[PDB]
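Trainee: Input structure: query_6.txt, which contains compact mmCIF, C-alpha atoms and all ligand atoms.
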```
# COMPACT_ATOMS: atom_id res chain seq x y z
CA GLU B 1700 12.09 -1.03 20.54
CA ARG B 1701 9.94 1.26 18.37
CA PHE B 1702 6.15 0.84 18.45
CA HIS B 1703 4.24 0.18 15.22
CA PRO B 1704 0.46 -0.05 14.79
CA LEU B 1705 0.67 -3.09 12.50
CA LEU B 1706 3.99 -4.83 13.19
CA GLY B 1707 3.54 -5.00 16.94
CA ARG B 1708 6.62 -6.09 18.89
CA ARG B 1709 9.56 -8.47 18.54
CA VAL B 1710 8.85 -12.04 19.68
CA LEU B 1711 11.05 -15.14 19.78
CA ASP B 1712 11.11 -17.06 16.50
CA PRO B 1713 11.49 -20.87 16.37
CA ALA B 1714 13.98 -20.63 13.53
CA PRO B 1715 17.58 -20.01 14.75
CA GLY B 1716 18.47 -17.19 12.37
CA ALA B 1717 15.09 -15.50 11.96
CA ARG B 1718 13.70 -12.28 13.45
CA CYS B 1719 9.98 -11.99 14.09
CA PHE B 1720 7.36 -9.36 14.93
CA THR B 1721 3.80 -10.07 15.99
CA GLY B 1722 0.91 -7.73 16.74
CA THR B 1723 -2.85 -7.85 17.12
CA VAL B 1724 -5.13 -5.79 14.85
CA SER B 1725 -8.87 -5.52 14.24
CA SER B 1726 -11.26 -3.72 11.91
CA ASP B 1727 -11.44 -1.05 14.65
CA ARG B 1728 -7.69 -0.47 15.11
CA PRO B 1729 -6.09 0.78 12.90
CA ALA B 1730 -9.57 1.98 11.90
CA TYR B 1731 -8.79 2.06 8.13
CA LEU B 1732 -8.72 -1.76 8.39
CA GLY B 1733 -12.52 -1.67 8.69
CA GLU B 1734 -13.15 0.54 5.66
CA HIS B 1735 -12.26 -1.56 2.58
CA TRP B 1736 -14.76 -4.18 1.44
CA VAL B 1737 -15.24 -6.71 -1.32
CA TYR B 1738 -18.70 -8.35 -1.52
CA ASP B 1739 -19.82 -7.33 2.01
CA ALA B 1740 -16.59 -8.79 3.47
CA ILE B 1741 -14.00 -6.60 5.21
CA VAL B 1742 -10.75 -7.19 3.30
CA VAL B 1743 -7.42 -5.81 4.54
CA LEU B 1744 -5.73 -3.64 1.92
CA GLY B 1745 -2.49 -4.97 0.49
CA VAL B 1746 -0.77 -1.65 1.24
CA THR B 1747 -0.90 -2.87 4.86
CA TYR B 1748 1.79 -5.46 4.05
CA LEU B 1749 3.94 -2.93 2.21
CA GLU B 1750 3.92 -0.65 5.27
CA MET B 1751 4.79 -3.60 7.56
CA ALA B 1752 7.78 -4.47 5.37
CA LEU B 1753 9.02 -0.86 5.36
CA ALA B 1754 8.51 -0.70 9.13
CA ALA B 1755 10.58 -3.89 9.50
CA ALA B 1756 13.30 -2.50 7.23
CA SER B 1757 13.52 0.51 9.55
CA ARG B 1758 13.69 -1.60 12.72
CA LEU B 1759 15.75 -4.61 11.59
CA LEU B 1760 18.41 -2.73 9.61
CA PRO B 1761 20.50 -0.07 11.39
CA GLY B 1762 21.27 3.26 9.79
CA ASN B 1763 20.71 6.99 9.70
CA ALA B 1764 17.25 8.48 10.20
CA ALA B 1765 17.33 9.88 6.65
CA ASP B 1766 18.21 6.52 5.03
CA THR B 1767 16.02 5.23 2.21
CA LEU B 1768 13.86 2.21 3.10
CA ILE B 1769 13.43 -0.38 0.37
CA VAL B 1770 11.06 -3.27 -0.26
CA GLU B 1771 11.65 -5.40 -3.34
CA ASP B 1772 10.15 -8.31 -5.24
CA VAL B 1773 6.84 -8.24 -3.34
CA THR B 1774 4.10 -10.80 -3.92
CA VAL B 1775 0.67 -10.57 -2.27
CA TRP B 1776 -0.74 -14.04 -1.64
CA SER B 1777 -4.08 -14.66 0.15
CA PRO B 1778 -6.48 -11.88 1.16
CA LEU B 1779 -6.95 -11.23 4.89
CA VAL B 1780 -10.69 -11.17 5.69
CA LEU B 1781 -11.65 -9.64 9.05
CA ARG B 1782 -14.90 -10.07 10.90
CA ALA B 1783 -15.98 -6.79 12.49
CA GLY B 1784 -14.37 -6.34 15.89
CA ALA B 1785 -12.68 -9.71 15.95
CA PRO B 1786 -8.91 -9.51 16.55
CA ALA B 1787 -6.39 -10.98 14.13
CA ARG B 1788 -2.71 -11.68 14.89
CA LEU B 1789 -0.32 -10.28 12.27
CA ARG B 1790 3.24 -11.57 11.96
CA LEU B 1791 6.33 -10.57 10.00
CA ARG B 1792 9.31 -12.95 9.98
CA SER B 1793 12.61 -12.16 8.28
CA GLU B 1794 15.82 -14.02 7.55
CA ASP B 1795 18.71 -12.75 5.38
CA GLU B 1796 16.55 -9.77 4.31
CA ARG B 1797 13.76 -12.01 2.97
CA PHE B 1798 10.42 -11.53 4.72
CA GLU B 1799 7.01 -13.15 4.90
CA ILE B 1800 3.80 -11.88 6.48
CA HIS B 1801 1.10 -14.17 7.89
CA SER B 1802 -2.05 -13.84 9.99
CA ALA B 1803 -3.82 -16.19 12.40
CA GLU B 1804 -6.81 -16.31 14.68
CA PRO B 1805 -5.31 -15.45 18.10
CA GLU B 1806 -6.72 -18.52 19.88
CA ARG B 1807 -5.28 -20.90 17.21
CA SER B 1808 -1.93 -19.26 16.59
CA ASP B 1809 0.20 -21.84 18.46
CA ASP B 1810 0.11 -24.11 15.37
CA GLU B 1811 2.18 -22.96 12.42
CA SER B 1812 -0.55 -24.47 10.25
CA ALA B 1813 -3.05 -21.86 11.53
CA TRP B 1814 -1.08 -19.03 9.88
CA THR B 1815 -2.17 -17.82 6.41
CA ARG B 1816 0.49 -16.29 4.15
CA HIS B 1817 -0.30 -12.78 2.85
CA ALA B 1818 2.95 -11.33 1.48
CA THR B 1819 6.57 -12.12 0.69
CA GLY B 1820 9.48 -10.03 -0.54
CA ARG B 1821 12.88 -8.58 0.36
CA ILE B 1822 13.79 -5.61 2.57
CA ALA B 1823 16.76 -3.29 2.35
CA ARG B 1824 18.04 0.09 3.47
CA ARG B 1825 20.38 2.47 1.67
CA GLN B 1826 21.88 5.87 2.33
CA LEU B 1827 20.01 8.76 0.75
CA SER B 1828 21.21 9.21 -2.83
CA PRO B 1829 22.75 12.66 -3.47
CA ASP B 1830 21.68 12.45 -7.13
CA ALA B 1831 19.15 14.84 -8.60
CA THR B 1832 15.81 13.03 -8.62
CA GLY B 1833 13.52 14.97 -10.95
CA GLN B 1834 10.33 16.90 -10.39
CA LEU B 1835 6.61 16.58 -10.76
CA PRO B 1836 6.05 17.16 -14.52
CA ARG B 1837 3.65 19.76 -15.86
CA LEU B 1838 1.15 17.44 -17.50
CA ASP B 1839 -1.55 19.99 -18.39
CA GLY B 1840 -4.00 17.12 -18.38
CA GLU B 1841 -7.76 16.72 -18.29
CA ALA B 1842 -9.36 16.72 -14.85
CA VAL B 1843 -10.71 13.36 -13.76
CA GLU B 1844 -14.23 13.60 -12.28
CA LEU B 1845 -13.54 12.32 -8.77
CA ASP B 1846 -17.15 12.54 -7.65
CA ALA B 1847 -18.06 9.92 -10.27
CA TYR B 1848 -15.15 7.73 -9.20
CA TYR B 1849 -16.09 7.94 -5.51
CA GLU B 1850 -19.75 7.14 -6.22
CA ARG B 1851 -18.65 4.07 -8.18
CA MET B 1852 -16.14 3.04 -5.53
CA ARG B 1853 -18.33 3.59 -2.44
CA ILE B 1854 -19.14 -0.14 -2.45
CA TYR B 1855 -15.46 -0.89 -1.77
CA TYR B 1856 -14.22 2.10 0.24
CA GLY B 1857 -15.56 4.02 3.22
CA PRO B 1858 -14.97 7.65 4.22
CA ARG B 1859 -11.49 7.17 5.64
CA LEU B 1860 -10.27 5.98 2.21
CA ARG B 1861 -11.47 8.83 -0.06
CA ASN B 1862 -8.27 10.88 0.10
CA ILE B 1863 -7.79 11.96 -3.54
CA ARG B 1864 -8.50 15.66 -3.78
CA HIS B 1865 -7.56 16.24 -7.44
CA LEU B 1866 -6.53 14.10 -10.40
CA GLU B 1867 -5.54 15.04 -13.95
CA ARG B 1868 -4.69 12.69 -16.82
CA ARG B 1869 -2.86 12.78 -20.15
CA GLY B 1870 -2.80 9.48 -22.02
CA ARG B 1871 -1.73 6.76 -19.56
CA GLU B 1872 -0.14 9.28 -17.18
CA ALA B 1873 -1.78 11.21 -14.37
CA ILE B 1874 -0.98 13.55 -11.48
CA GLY B 1875 -2.97 13.09 -8.26
CA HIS B 1876 -3.11 15.23 -5.13
CA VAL B 1877 -3.78 13.07 -2.05
CA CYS B 1878 -4.19 14.26 1.53
CA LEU B 1879 -4.98 12.40 4.76
CA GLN B 1880 -7.82 13.69 6.91
CA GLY B 1881 -9.11 13.30 10.44
CA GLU B 1882 -7.67 10.50 12.57
CA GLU B 1883 -5.52 9.11 9.75
CA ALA B 1884 -3.73 12.44 9.31
CA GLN B 1885 -3.35 12.66 13.10
CA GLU B 1886 -1.62 9.26 13.28
CA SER B 1887 0.48 9.58 10.11
CA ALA B 1888 3.80 9.92 11.96
CA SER B 1889 3.22 6.50 13.58
CA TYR B 1890 3.78 4.95 10.12
CA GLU B 1891 6.65 4.90 7.67
CA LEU B 1892 4.09 5.58 4.92
CA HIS B 1893 0.48 5.58 6.11
CA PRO B 1894 -1.39 2.77 4.28
CA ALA B 1895 -4.33 5.15 3.68
CA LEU B 1896 -1.95 7.52 1.86
CA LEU B 1897 -0.38 4.84 -0.36
CA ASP B 1898 -3.83 3.35 -1.03
CA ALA B 1899 -4.87 6.83 -2.20
CA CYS B 1900 -1.99 6.84 -4.71
CA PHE B 1901 -3.05 3.39 -5.93
CA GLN B 1902 -6.68 4.58 -6.26
CA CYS B 1903 -5.34 7.29 -8.58
CA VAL B 1904 -4.29 4.43 -10.85
CA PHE B 1905 -7.72 2.80 -10.49
CA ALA B 1906 -9.44 6.08 -11.33
CA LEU B 1907 -7.45 6.31 -14.57
CA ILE B 1908 -8.42 2.72 -15.45
CA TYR B 1909 -12.08 3.17 -14.52
CA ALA B 1910 -12.41 6.13 -16.84
CA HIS B 1911 -12.21 3.46 -19.56
CA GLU B 1912 -13.07 0.02 -18.10
CA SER B 1913 -15.67 -1.40 -15.71
CA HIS B 1914 -15.09 -1.17 -11.97
CA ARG B 1915 -16.82 -4.48 -11.30
CA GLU B 1916 -14.37 -7.29 -10.49
CA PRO B 1917 -12.05 -4.46 -9.42
CA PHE B 1918 -8.30 -4.45 -9.84
CA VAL B 1919 -6.33 -5.66 -6.81
CA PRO B 1920 -2.58 -5.16 -6.20
CA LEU B 1921 -0.72 -8.46 -6.56
CA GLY B 1922 2.81 -7.21 -5.94
CA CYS B 1923 5.43 -4.76 -7.07
CA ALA B 1924 9.04 -4.83 -8.16
CA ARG B 1925 10.30 -2.09 -5.84
CA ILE B 1926 9.19 0.56 -3.37
CA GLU B 1927 11.73 3.13 -2.14
CA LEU B 1928 10.77 5.40 0.75
CA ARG B 1929 12.86 8.54 1.17
CA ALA B 1930 10.85 10.42 3.80
CA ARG B 1931 8.79 8.99 6.62
CA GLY B 1932 5.46 9.91 8.20
CA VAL B 1933 4.17 11.99 5.28
CA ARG B 1934 0.53 13.17 5.20
CA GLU B 1935 0.06 14.83 1.79
CA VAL B 1936 1.68 14.17 -1.59
CA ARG B 1937 1.26 14.79 -5.28
CA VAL B 1938 1.72 11.51 -7.18
CA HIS B 1939 2.82 11.04 -10.80
CA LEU B 1940 1.76 7.68 -12.19
CA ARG B 1941 2.19 5.90 -15.51
CA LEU B 1942 0.34 2.81 -16.69
CA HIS B 1943 2.27 0.40 -18.85
CA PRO B 1944 0.71 -0.33 -22.29
CA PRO B 1945 -2.29 -2.64 -21.86
CA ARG B 1946 -2.79 -5.90 -23.69
CA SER B 1947 -6.31 -4.79 -24.68
CA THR B 1948 -7.87 -1.43 -25.50
CA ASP B 1949 -11.29 -2.41 -24.10
CA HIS B 1950 -11.03 -4.65 -21.03
CA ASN B 1951 -7.96 -5.97 -19.23
CA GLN B 1952 -7.42 -8.59 -16.57
CA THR B 1953 -4.10 -7.00 -15.57
CA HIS B 1954 -2.35 -3.64 -15.50
CA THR B 1955 1.12 -2.51 -14.41
CA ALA B 1956 1.96 0.99 -13.17
CA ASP B 1957 4.87 3.05 -11.95
CA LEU B 1958 4.40 5.82 -9.40
CA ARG B 1959 6.40 8.66 -7.91
CA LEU B 1960 5.29 10.52 -4.77
CA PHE B 1961 6.41 14.11 -4.10
CA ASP B 1962 5.81 16.27 -1.07
CA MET B 1963 3.91 19.53 -1.52
CA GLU B 1964 7.18 21.42 -1.94
CA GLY B 1965 8.31 19.10 -4.74
CA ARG B 1966 10.87 16.67 -3.27
CA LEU B 1967 10.66 12.98 -4.10
CA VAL B 1968 9.13 11.06 -1.18
CA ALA B 1969 8.68 7.54 -2.56
CA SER B 1970 8.98 5.48 -5.71
CA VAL B 1971 6.94 2.45 -6.74
CA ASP B 1972 8.20 0.39 -9.68
CA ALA B 1973 5.99 -2.06 -11.59
CA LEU B 1974 2.95 -2.25 -9.34
CA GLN B 1975 1.03 -5.26 -10.67
CA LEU B 1976 -2.79 -5.05 -10.73
CA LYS B 1977 -5.15 -7.89 -11.50
CA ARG B 1978 -8.94 -8.10 -11.49
CA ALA B 1979 -10.44 -9.98 -8.52
MG MG B 2001 -5.85 -4.50 -1.78
```
Here is the file; what I need is its structure written in the form of structure tokens.
Ligand SMILES: [Mg+2]
Mentor:
Amino acid sequence: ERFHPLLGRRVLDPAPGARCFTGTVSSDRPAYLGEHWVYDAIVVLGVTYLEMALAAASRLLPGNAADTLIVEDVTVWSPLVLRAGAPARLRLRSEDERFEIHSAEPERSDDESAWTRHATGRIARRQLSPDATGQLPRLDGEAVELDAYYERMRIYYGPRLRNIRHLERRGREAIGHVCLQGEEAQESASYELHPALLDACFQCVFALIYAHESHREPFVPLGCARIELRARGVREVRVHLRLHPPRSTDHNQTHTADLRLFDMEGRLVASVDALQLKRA
């Protein structure tokens, strides 16, 4: 059995054909779980659930080390609110490649009713495609002022989650350069795709949006059509993103974006199709 900071370990499931993982987390461990806030409450980032699903795809589905890991048709349901230092049990159950993720207070977790649903979707695994993928395009865009973005966003994100080092935009497209630091970079090979690194890619989308719209009632990921992970344990990527055309030119309740992550050398690391954003 392969250790994972969020999934935990396999445990018996009550359903005959289901496979289950449970682990304990807290705002202190993984530490990035204590560094995203909404209205003075510690709120677990939705990228947490995407990493758990990829980690389950790796461990539930046999294959080659270089296989592509896939999560599809993902919906994020309730937020997970942590109280500082108080442990939460996290659970991923899967049957016939469908998964669901729940959390519970550890002392109450014997009752299925104590478990709150956070994410659902499908997992899969495919051999690495030999097809040419494409490269990071030369956008020759306008630099986005990241110091202004970070000052705006400091109410939601602490120091471990300020990992965008450069961002340039042209229309609704942008290229970001994101890099883990400190402990997160140290631990990046424990993850399929470190949540702090994928959050940084998503914040590149936010930074594009917040160059035009208000950052109050901020956009929150609600799901995505597909994520494909082609290399595991990465620490630094350049990300190409594209926002779909918005309903409004002034202020939107929703946005949709596609993203491609490339390693520093230029190979495609991950794809995200139709990330759905909605204002909280
Ligand atoms: Mg989130």
Trainee: Using only C-alpha atoms and all ligand atoms, can you tell me which of B:1929, B:1817, B:1801, B:1865 comes closest to ligand MG 2001 (chain B)?
Mentor: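 Of B:1929, B:1817, B:1801, B:1865, the one nearest ligand MG 2001 (chain B) is B:1817, counting only C-alpha atoms and all ligand atoms.
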Trainee: Residues at most 12 Å from ligand MG 2001 (chain B), using only C-alpha atoms and all ligand atoms? Could they come as a ChimeraX atom specification?
Mentor: /B:1732,1734-1737,1741-1749,1774-1780,1817-1818,1855-1856,1894-1895,1897-1899,1901-1902,1905,1917-1922,1974-1979
Trainee: Provide the atom CA of residue B:1751 to atom CA of residue B:1834 distance in Å, to one decimal place.
Mentor: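 Computed distance, atom CA of residue B:1751 to atom CA of residue B:1834, equals 27.8 Å.
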Trainee: Give me, please, the distance in Å between atom CA of residue B:1728 and atom CA of residue B:1821, quoted to one decimal.
Mentor: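 Atom CA of residue B:1821 lies at a distance of 26.6 Å from atom CA of residue B:1728.
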Trainee: Applying 10 Å and all atoms listed in the file, which residues near residue B:1716 remain after dropping the ones on its own chain fewer than 2 positions away? List them as JSON, numbers by chain.
Mentor: {"B": [1712, 1713, 1714, 1718, 1793, 1794, 1795]}
Trainee: Write out as a list in words which residues come within 8 Å of residue B:1931 when counting only C-alpha atoms, dropping same-chain ones fewer than 2 positions away.
Mentor: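 Near residue B:1931, the qualifying residues are residues 1888, 1890, 1891, 1892, 1928, 1929 and 1933 of chain B.
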Trainee: Counting all atoms listed in the file, figure out which residue out of B:1832, B:1812, B:1819, B:1826 gets nearest to residue B:1770.
Mentor: B:1819
Trainee: Report the distance between atom CA of residue B:1836 and atom CA of residue B:1862 in Å, rounded to one decimal place.
Mentor: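 Atom CA of residue B:1836 sits 21.4 Å away from atom CA of residue B:1862.
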Trainee: So which residues touch residue B:1972 within 7 Å, counting all atoms listed in the file, skipping near sequence neighbours fewer than 3 positions away, as a list in words?
Mentor: residues 1923, 1924, 1925, 1926, 1957 and 1958 of chain B
Trainee: Near stretch 1942-1946 of chain B, within 8 Å and counting all atoms listed in the file, which residues show up once chain neighbours fewer than 2 positions away are dropped, as number ranges by chain?
Mentor: B: 1871-1872, 1904, 1940, 1948, 1951, 1953-1957
Trainee: Nearest to residue B:1703: which of B:1838, B:1789, B:1768, B:1717 is it, counting all atoms listed in the file?
Mentor: B:1789
Trainee: Is there a way to get, as an NGL selection string, all residues within 12 Å of the point (-3.2, -16.8, 16.5) in file coordinates, counting only C-alpha atoms?
Mentor: :B and (1721-1724 or 1785-1790 or 1801-1815)
Trainee: With distances taken over only C-alpha atoms, which residue among B:1879, B:1968, B:1907, B:1755 lies nearest residue B:1893?
Mentor: B:1879
Trainee: Enclose the full set of atoms of stretch 1752-1766 of chain B listed in the file within a box whose edges lie along x, y and z, apply 3 Å of padding to each of the six sides, and report centre and edge lengths in Å to one decimal as lines of an AutoDock Vina configuration file.
Mentor:
```
center_x = 14.5
center_y = 2.6
center_z = 8.9
size_x = 19.5
size_y = 20.5
size_z = 13.7
```
Trainee: With only C-alpha atoms as the basis for distance, which of B:1952, B:1725, B:1880, B:1885 is at the shortest distance from residue B:1908?
Mentor: B:1952
